[PDB]
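S.K.: mind folding the following:
(chains A, B and C, ligands or ions: 3)
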Amino acid sequence: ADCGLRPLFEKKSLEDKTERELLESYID
Amino acid sequence: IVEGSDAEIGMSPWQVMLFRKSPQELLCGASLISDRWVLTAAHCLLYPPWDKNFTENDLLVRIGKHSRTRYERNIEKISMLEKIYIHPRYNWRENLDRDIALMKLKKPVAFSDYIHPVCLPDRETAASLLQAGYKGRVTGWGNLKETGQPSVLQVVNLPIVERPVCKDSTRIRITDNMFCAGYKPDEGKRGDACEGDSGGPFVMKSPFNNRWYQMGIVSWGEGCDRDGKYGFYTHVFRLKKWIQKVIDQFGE
Amino acid sequence: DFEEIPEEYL
Ligand SMILES: Cc1cc(OC[C@H](C)Nc2ccncc2)cc(C(=O)N(CCC(=O)NC(C)(C)C)C(C)C)c1
Ligand SMILES: [Ca+2]
Ligand code: NA
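M.R.: Numbering: from 1, shown residues only, chains lettered A, B, ... in the order given. Ligands and ions are numbered 1, 2, ... in the order given. See below for the structure:
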């Protein structure tokens, strides 16, 4: 099951322009 | 979406447009959770105070889209509905408690670079990620302002808000089946869902396994992007027993 | 405002 893994991003190890903003909020 | 930006191509491949057949118009957002099941808000389908009560043959689902208004030949897929399931305890009279519906497609949709399902959270996911200050992402083709419409899918990242602040922002009774998200007036950044974004997904990217999870569904709001107001989202994990019951009873 | 979709889906 490959839910939640986008063909044009996670499947090719490319990041989208603003997902890092999400990760940076995940602090603690 | 107010104060968002254009999506990248393939950024939200689980995004679904609910499309009214006639007159042809955007009705709502939705999300793809498997090859035959689409998740949305119950208020996209049923809201008697505004004379809304749509049946299966009234709508279509459009998957893989980017452009709002164009027919995106060789990219999007259009699906008919076999059946609608609304939560039996959806509280349309008061506060849209349990604002959730499922739609089973007549035929399975083929996945592609543009069409791919989102994950649903389990208990541990929700616990790890549904915390004040943590940001999720909302997408849609709804209005750009409260009082126009985008050429392509819009995207905005918004922080989950502390439940006492959510409660203190509104006269409506909030429940544990809802959460709110948005910036505070002192935070300076802005952003919200708006009319036509209802039913779309609030997603979070797990830092544990790099997968996207749908934590929320765009539910109700009072205005759009108003200082001191927050958007409200159906708490998907809290309603997952119902999701699972429906798919286990009626799925193929 | 919306482009017509193929007849097949209506
Ligand atoms: C069907 C519906 C939809 C709705 O908001 C849709 C709207 C598009 N949703 C969002 C907007 C901005 N951000 C996040 C979400 C808001 C409402 C609403 O106004 N409600 C209140 C209705 C109500 O009681 N109104 C008065 C005037 C009688 C008090 C609901 C039931 C909470 C109803
Ligand atoms: Ca209150
Ligand atoms: Na606000």
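S.K.: which residue sits farthest out from the middle of chain B?
M.R.: Residue farthest from the centre of chain B, counting by CA atoms, centre = their mean, is residue B:186 at 26.7 Å.
S.K.: centroid-nearest residue for chain C?
M.R.: Note: chain C centre (CA atoms, centre = their mean) maps to residue C:5, 1.7 Å.
S.K.: leaving aside the residues next to it on the chain, what's closest to the residue in the stretch 51-200 of chain B that ligand 3 sits nearest to?
M.R.: Proximity to ligand 3, evaluated over the stretch 51-200 of chain B using CB to the ion, is greatest for residue B:182 at 4.5 Å. For every residue, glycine as well, the C-beta is placed using N, CA and C. Once flanking residues are discounted, residue B:182 sits nearest to residue B:230: 4.4 Å by CB to CB, 6 or more residues apart in numbering or on different chains.
S.K.: ok, that neighbour - how many residues close by?
M.R.: Residues lying near residue B:230 (other CB atoms under 10 Å in any protein chain shown) number 25.
S.K.: roughly how far apart are it and residue B:4?
M.R.: Taking CB to CB, to the nearest Å as the measure, residue B:230 falls 16 Å from residue B:4.
S.K.: likewise residue B:168?
M.R.: 26 Å.
S.K.: higher neighbour count, these two?
M.R.: Neighbours were counted for residue B:168 and for residue B:4 using other CB under 10 Å; residue B:4 has more, 26 against 11.
S.K.: quick one: contacts for that one?
M.R.: Residue B:4 sits next to B:138, B:154, B:155, B:156, B:191 when contact means CB atoms under 8 Å, 6 or more residues apart in numbering or on different chains.
S.K.: can I assume the residue farthest from the centre of chain B sits in a helix?
M.R.: Yes: assessed by DSSP: H, G, I helix; E, B strand; the rest coil, residue B:186 belongs to a helix.
S.K.: before we move on, the earlier item: of the contacts of residue B:4, just say which sits nearest to chain A.
M.R.: residue B:155 (7.5 Å; CB to the nearest CB).
S.K.: once you drop chain neighbours, what's closest to the closest one?
M.R.: residue B:7 (4.6 Å).
S.K.: residues contacting that neighbour?
M.R.: With CB under 8 Å, 6+ apart, residue B:7 has these contacts: B:66, B:139, B:152, B:153, B:154, B:155.
S.K.: spit out the contact partners of the last one.
M.R.: It stands for residue B:155. Counting by CB under 8 Å, 6+ apart, residue B:155 makes contact with A:18, B:1, B:4, B:5, B:6, B:7, B:11, B:12, B:137, B:138, B:139.
S.K.: narrow these to those in strands?
M.R.: B:5, B:6, B:137, B:138, B:139 (DSSP state E).
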